[PDB]
Amino acid sequence: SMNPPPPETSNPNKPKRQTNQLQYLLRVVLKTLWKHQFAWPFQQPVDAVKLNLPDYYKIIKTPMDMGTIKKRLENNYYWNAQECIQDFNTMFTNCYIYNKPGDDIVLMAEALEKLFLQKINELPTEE
Ligand SMILES: COC(=O)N1CCS[C@H](c2cccs2)CC1
């Protein structure tokens with residue numbers, strides 16, 4: 001079995017910014033979800049070898065996880081908040097696509113997504 005290369009977290013060709021919204025995405029949004037009891041399956045790319053999921057990357061072609069998001073935020077990979085928000089939504093959508101309704105992992109994603117929505121609802125206006 002083989003995992004794909006992880007999503008990139010560094011690209012010197014890519015223009016970068018540090019905006020107040022991106023600071024909020026790290027200091028509030030990521031930190032809230034990262035410390036949650038249900039964060040652990042989402043803190044790194046899905047390891048299809050260790051978890052014995054040989055079809056995972058046959059099904060999921062745009063992988064995303066909070067370890068990648070954390071690195072992107074800490075290394076100022078993004079230009080805007082919408083890129084980061086899209087990464088979180090990709091992570092949740094992948095989980096709902098691959099897994100079955102009512103699975104433990106889906107209940108975990110739902111709890112994290114609820115908090116995500118609560119925090120993004122108060123995303124600050126851009127400075
Ligand atoms: C976000 O992680 C995933 O979607 N995976 C696909 C199968 S569910 C599995 C897990 C189930 C219960 C704990 S961990 C994690 C890996």
Side-chain angles (χ1 to χ4, degrees), residues 1-30 32-99 101-127:
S1 324
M2 300 172 57
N3 288 312
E8 67 175 31
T9 51
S10 165
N11 188 339
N13 285 146
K14 183 177 188 298
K16 311 305 199 319
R17 288 197 303 186
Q18 273 206 299
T19 78
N20 69 306
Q21 295 184 331
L22 284 161
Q23 293 163 341
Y24 178 90
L25 280 156
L26 174 58
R27 174 68 181 100
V28 175
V29 180
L30 187 282
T32 294
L33 272 62
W34 189 269
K35 73 188 186 184
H36 195 280
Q37 288 201 134
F38 296 160
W40 61 271
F42 304 93
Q43 286 175 328
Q44 61 287 309
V46 173
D47 186 340
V49 179
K50 195 182 192 192
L51 290 155
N52 191 27
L53 307 174
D55 68 339
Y56 184 83
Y57 290 110
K58 174 64 180 172
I59 303 297
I60 297 307
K61 298 306 189 183
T62 313
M64 189 50 56
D65 65 279
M66 292 201 298
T68 297
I69 294 168
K70 185 173 189 283
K71 285 183 180 153
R72 285 178 173 193
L73 287 166
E74 288 170 347
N75 292 98
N76 304 307
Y77 176 84
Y78 297 113
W79 186 260
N80 64 38
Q82 292 314 130
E83 286 177 274
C84 185
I85 291 165
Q86 178 58 254
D87 282 346
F88 277 103
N89 280 319
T90 295
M91 180 185 77
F92 293 126
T93 297
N94 290 343
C95 181
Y96 302 141
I97 290 174
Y98 182 77
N99 299 286
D103 280 352
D104 278 345
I105 192 67
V106 169
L107 299 172
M108 295 164 92
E110 285 174 352
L112 299 171
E113 192 181 16
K114 179 176 183 173
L115 281 169
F116 174 75
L117 290 165
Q118 284 173 319
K119 302 305 181 181
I120 296 298
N121 182 59
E122 301 187 50
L123 185 70
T125 184
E126 202 175 339
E127 275 170 3

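Throughout, numbering of the chain's residues begins at 1 and tracks the sequence. Indexing begins at 1, ligand by ligand and atom by atom, following the structure's order. Only this structure's heavy atoms are used, side chains among them; waters, hydrogens and symmetry mates stay out.
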Which pairs, with at least one residue in residues 38-53 and sequence neighbours excluded, count as a side chain to side chain donor-acceptor pair (under 3.5 Å)? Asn3-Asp47

Verify, without hydrogens or angle tests, whether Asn75 (side chain) and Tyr77 (backbone) share a donor-acceptor contact under 3.5 angstrom. no

CZ of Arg72 to CG of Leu25, rounded to nearest 0.5 Å, is 13.0 Å

Mind checking side chain to side chain contact (heavy atoms under 4.5 Å, CB included) for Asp65 and listing every partner two or more places apart, or none if nothing turns up? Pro45, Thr68

Can you list everything that forms a salt bridge (charged side-chain N to carboxylate O under 4.0 Å, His left out) with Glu127? Sequence neighbours excluded, please. none

Would you mind reporting whether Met108 and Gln37 have side-chain heavy atoms less than 4.5 Å apart? no

Pairs of nitrogen or oxygen atoms, one from ligand 1 and one from the protein, closer than 3.5 Å: please tabulate them with distances.
unit_1	atom_1	unit_2	atom_2	d
ligand 1	4 (O)	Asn99	ND2	3.1

